[PDB]
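Each remark here refers to the structure printed beneath this line.
Just follow the structure's listing: the first ligand is 1, and inside any ligand the first atom is 1. All chains are named by letter (A, B, ...) in the order of the sequence lines, taking the proteins before the strands, and each is independently numbered beginning at 1.
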Number of protein chains: 2
Amino acid sequence: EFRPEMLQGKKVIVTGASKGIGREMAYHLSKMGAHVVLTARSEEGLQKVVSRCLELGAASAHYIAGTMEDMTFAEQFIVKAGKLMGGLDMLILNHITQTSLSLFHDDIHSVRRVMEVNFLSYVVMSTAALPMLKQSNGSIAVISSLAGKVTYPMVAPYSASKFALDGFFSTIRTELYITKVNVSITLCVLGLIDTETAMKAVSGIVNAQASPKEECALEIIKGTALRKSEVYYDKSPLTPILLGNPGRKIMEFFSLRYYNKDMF
Amino acid sequence: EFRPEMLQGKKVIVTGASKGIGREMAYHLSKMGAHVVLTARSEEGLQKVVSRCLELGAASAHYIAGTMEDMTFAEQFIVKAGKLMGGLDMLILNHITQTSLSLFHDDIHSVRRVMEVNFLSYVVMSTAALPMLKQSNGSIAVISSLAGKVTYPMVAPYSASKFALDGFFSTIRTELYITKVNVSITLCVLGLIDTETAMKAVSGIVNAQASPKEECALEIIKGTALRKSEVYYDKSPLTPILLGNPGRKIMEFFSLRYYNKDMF
Ligand SMILES: NC(=O)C1=CN([C@@H]2O[C@H](COP(=O)(O)OP(=O)(O)OC[C@H]3O[C@@H](n4cnc5c(N)ncnc54)[C@H](OP(=O)(O)O)[C@@H]3O)[C@@H](O)[C@H]2O)C=CC1
Ligand SMILES: NC(=O)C1=CN([C@@H]2O[C@H](COP(=O)(O)OP(=O)(O)OC[C@H]3O[C@@H](n4cnc5c(N)ncnc54)[C@H](OP(=O)(O)O)[C@@H]3O)[C@@H](O)[C@H]2O)C=CC1
Ligand SMILES: Cc1[nH]c2ncccc2c1[C@@H]1CCN(C(=O)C2(c3ccccn3)CC2)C1
Ligand SMILES: Cc1[nH]c2ncccc2c1[C@@H]1CCN(C(=O)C2(c3ccccn3)CC2)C1
């Protein structure tokens with residue numbers, strides 16, 4: 001079971017922390033006495049949150065600002081964040097590029113930039129951060145969506161980038177497990193959350209019930225601290241079960257016999 | 001019930017058709033007596049296969065050479081192809097980048113390479129081809145892997161692009177359907193296929209039984225022609241069931257009742 005002391009004095013990165021879900025995780029982490037380094041495009045939005053974080057009890061709080069469409073920034077940012085803290089216990093990949101609802105029509109340029117920001121910068125940052133994480137037996141939080149397990153109309157690009165997250169990190173997850181690297185990867189599948197940017201976007205298009213961003217943030221943290229493979233945070237009770245996919249678990253367990261053990 | 005007569009004289013595009021599964025689908029379509037345009041990087045390799053296709057009885061056979069790493073080629077190929085045949089009934093997106101089995105150690109450049117060719121190019125051509133496919137109510141086939149539904153080690157970049165296909169094209173399908181477009185989208189979930197490449201590539205790493213390439217090809221063509229959401233071909237029979245994932249289906253279904261039709 002979870003104890004906030006588990007994050008006390010621990011080094012934690014959070015991308016997308018200037019608002020929404022990722023700001024809330026900044027506060028919760030700050031109240032648990034972790035060291036945090038935060039980042040986003042908005043330099044002023046990052047300032048206010050670090051300032052709140054310090055009032056909230058954070059051992060230390062630093063921002064670095066930029067855009068995660070730039071892979072150079074994505075990687076160098078991890079390196080500065082590990083130098084400011086002297087290590088890295090937890091990498092939480094949360095930011096996403098400006099998304100809207102709409103039927104797909106001819107966006108090669110939209111699809112790419114989405115893929116880079118919502119997928120590429122995650123892979124960039126995971127691998128840059130993995131040496132420091134391997135040293136601490138740390139954990140990654142990869143924040144995804146029901147739309148990373150099932151599909152909804154009007155969100156083809158975004159949805160491509162979340163599916164890609166499962167495919168990729170799930171594979172990293174097993175590989176780590178089989179080569180005995182004690183780093184955990186939590187895929188955090190979430191339903192509608194009442195962040196300001198989600199509601200504005202669904203307005204007049206989707207009429208679902210949203211869940212609170214504060215508690216959402218909480219389950220993400222606790223799930224990753226507890227080295228869980230997946231977190232499901234959604235309003236409906238019949239979500240983790242209809243999304244269970246017991247076949248995928250069965251296939252993944254047996255597929256290993258296909259492999260030469262020496263490879264591992 | 002599938003009738004090969006169905007494809008006599010139809011206009012088909014096949015990618016990665018200079019060898020492997022791609023080459024088989026061209027042969028088959030040719031015996032059915034269809035028009036084909038083939039593409040891939042190999043100039044002379046493409047030539048042997050067109051010469052062969054014409055020998056088998058293809059209505060027509062042409063090729064356009066190039067790399068699908070370049071989106072400009074990807075769009076413009078579909079345009080030249082369309083002209084060459086005067087239209088399009090079936091687009092087969094099949095090509096993939098050089099792919100090796102190994103624990104993940106790629107740098108971002110390589111991973112972008114994987115996602116551009118394996119994924120981004122697929123989105124590009126289906127977008128470009130869509131107008132003719134509407135013109136003819138044709139079909140799209142997206143060649144995926146079991147690795148696009150569940151995870152296997154040593155294949156995370158590949159598995160990502162594959163997962164990114166299910167997410168994107170499943171969305172497009174739903175969107176085409178709620179808007180009454182008569183273009184169908186067939187995701188083909190393949191198991192190990194005894195193509196030269198994969199066999200020598202799994203050599204010493206994976207000991208599974210392969211499915212025959214000639215049949216695989218036909219099962220692709222049959223499904224896309226019958227307009228199936230998904231095709232499953234793999235030596236094990238208990239596979240399509242386990243990968244059934246009825247919950248996702250049940251869930252994608254009720255999901256529309258939370259939308260406003262004014263967007264239809
Ligand atoms: N709320 C919901 O309904 C659901 C949310 N999720 C996932 O939860 C996570 C966070 O959601 P949420 O808090 O609502 O999102 P928000 O839109 O509220 O904010 C996310 C963060 O991303 C940052 N950001 C935006 N663009 C860039 C960029 N180009 N480079 C770097 N940072 C950027 C934002 O800061 P800034 O603009 O200043 O750069 C912001 O701090 C995302 O991964 C989302 O996909 C998943 C399912 C449902
Ligand atoms: N074989 C198997 O066991 C399985 C295969 N699949 C899927 O089946 C499909 C076909 O695979 P397979 O026939 O076995 O592999 P092959 O290597 O035999 O064929 C791949 C084709 O893609 C072409 N190609 C490679 N790179 C590019 C590029 N950058 N631009 C354009 N064309 C390119 C190749 O030609 P050239 O190099 O000259 O460009 C070749 O014709 C793939 O999508 C794969 O994921 C899925 C599950 C299992
Ligand atoms: C577009 C967009 N921009 C955003 N900026 C910030 C946060 C969320 C979003 C979003 C969508 C809105 C909700 N999102 C979902 O993934 C869920 C969903 C999708 C489609 C239909 C029903 N639900 C809730 C699962 C993410
Ligand atoms: C490496 C490599 N190069 C290739 N060049 C051309 C075609 C396929 C491949 C491939 C692998 C071989 C098998 N592939 C799979 O996607 C499946 C799988 C993966 C892992 C373990 C058991 N099965 C069959 C599903 C793709």
Side-chain angles (χ1 to χ4, degrees), chain A residues 15-25 38-46 49 65-70 73-74 93-102 113 116-118 121 142-155 158-159 161-162 165 188-202 205-206 208 210-211 213 216-217 220 233-234 255 258-259, chain B residues 16 19-21 96-102 144-155 158-159 162 189-193 195-202 205-206 208 210-211 234 255 258-259:
Chain A
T15 68
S18 65
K19 54 168 174 177
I21 299 164
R23 179 161 61 185
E24 295 290 328
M25 302 198 261
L38 322 182
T39 178
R41 297 175 296 161
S42 158
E43 303 188 318
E44 291 177 302
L46 286 181
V49 177
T67 175
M68 283 300 171
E69 188 153 17
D70 173 336
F73 169 73
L93 308 179
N94 159 79
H95 66 273
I96 55 153
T97 184
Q98 196 281 328
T99 315
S100 170
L101 267 47
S102 62
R113 44 152 279 187
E116 308 266 316
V117 182
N118 291 4
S121 61
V142 177
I143 309 310
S144 187
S145 175
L146 300 190
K149 289 298 189 186
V150 302
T151 62
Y152 306 83
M154 301 182 93
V155 61
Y158 168 83
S159 172
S161 66
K162 294 304 176 165
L165 287 183
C188 305
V189 179
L190 272 37
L192 184 54
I193 315 297
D194 62 14
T195 55
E196 173 169 285
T197 298
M199 306 307 287
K200 296 195 181 166
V202 294
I205 306 172
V206 170
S211 297
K213 51 175 181 160
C216 181
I220 295 181
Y233 188 71
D234 181 44
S255 294
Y258 285 166
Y259 280 79
Chain B
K19 56 232 252 285
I21 301 172
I96 59 167
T97 192
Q98 192 284 307
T99 311
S100 304
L101 288 165
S102 73
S144 200
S145 187
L146 291 176
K149 290 285 197 196
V150 299
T151 64
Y152 302 69
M154 294 175 85
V155 86
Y158 173 83
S159 175
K162 251 35 180 177
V189 183
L190 289 41
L192 186 66
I193 312 306
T195 56
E196 178 179 326
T197 307
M199 294 309 286
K200 63 137 198 32
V202 303
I205 309 168
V206 174
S211 291
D234 161 74
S255 281
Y258 306 99
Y259 286 77

- [ ] For ligand 3, find out whether one of its N or O atoms is nearer than 3.5 Å to an N or O atom of A:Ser145.
- [x]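 By distance alone, the answer is yes.
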Under 4.0 Å from atom 26 (C) of ligand 3, do we find at least one protein heavy atom?
yes
As a test of the contact definition, would atom 39 (O) of ligand 1 count as having a protein heavy-atom neighbour under 4.0 Å? yes
Answer yes or no: does an N/O atom from [X] fall short of 3.5 Å to an N/O atom of ligand 1?
{"X": "A:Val117", "value": "no"}
{"X": "A:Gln98", "value": "no"}
{"X": "A:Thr195", "value": "yes"}
{"X": "A:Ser145", "value": "no"}
{"X": "A:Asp194", "value": "no"}
{"X": "A:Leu190", "value": "no"}

Notebook entry, point to check: Is A:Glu69 near ligand 1, meaning one of its heavy atoms is under 4.0 Å from it?
Noted result: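 Flag not set, A:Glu69 not near ligand 1.
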field: Contact atoms of ligand 1, heavy-atom distance to A:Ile143 under 4.0 Å
entry: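 So the answer, numbered in order with elements, is 7 (C), 8 (O), 9 (C), 43 (O).
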- Query: Applying a 4.0 Å heavy-atom criterion (strictly less than), which segment of A:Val155 is in contact with ligand 3: side chain, backbone, both, or neither?
  - Reply: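 Neither; nothing of A:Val155 gets under 4.0 Å from ligand 3.
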Quick look: A:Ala147 vs ligand 1, heavy-atom contacts under 4.0 Å, and the answer is neither
Looking at A:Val206, A:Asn94, A:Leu93, A:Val49, the heavy atom closest to atom 42 (C) of ligand 1 belongs to A:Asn94
